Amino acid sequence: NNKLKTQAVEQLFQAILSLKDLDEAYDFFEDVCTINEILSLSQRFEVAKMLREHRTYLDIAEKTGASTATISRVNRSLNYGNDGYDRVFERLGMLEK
């Protein structure tokens, strides 16, 4: 966290928060990231959602491709982090009821 209190980090975030729609998101993240990086963040995000949907590690590994080690890492951030995943899931009504 301390290493992230930088004006560089803050401008990255303003850049990210200025994106207006998914086509802009695609353009930007594809400029800044590799395909695999984007695929890697989307996998973590899906693991996290499925974890809160109460799915098993097997079902998560199947559906997402994540190894169980990845699943376990995400699970640490989900549970012992800033509660960012959860606040998005609540806000966007994402969790399969």
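When you see a residue number, it is the position in the sequence shown, counting from 1.
**Q** Place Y80 in the lowest, middle or highest third of its chain's C-alpha B-factors, as listed in the PDB entry.
**A** Highest third, going by the recorded CA B-factors of the chain.
**Q** Would you check the entry's CA temperature factor for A61 and let me know if it's in the chain's lowest, middle or highest third?
**A** Highest third - that is where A61 ends up once the chain's C-alpha B-factors are sorted.
**Q** Taking the entry's C-alpha B-factors for this chain, is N36 in the lowest, middle or highest third?
**A** As the PDB entry reports it, the C-alpha B-factor of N36 lands in the middle third of its chain.
**Q** Going by the recorded CA B-factors, say which third of the chain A69 sits in, lowest, middle or highest.
**A** Ranked within chain, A69 CA B lands in the highest tercile.
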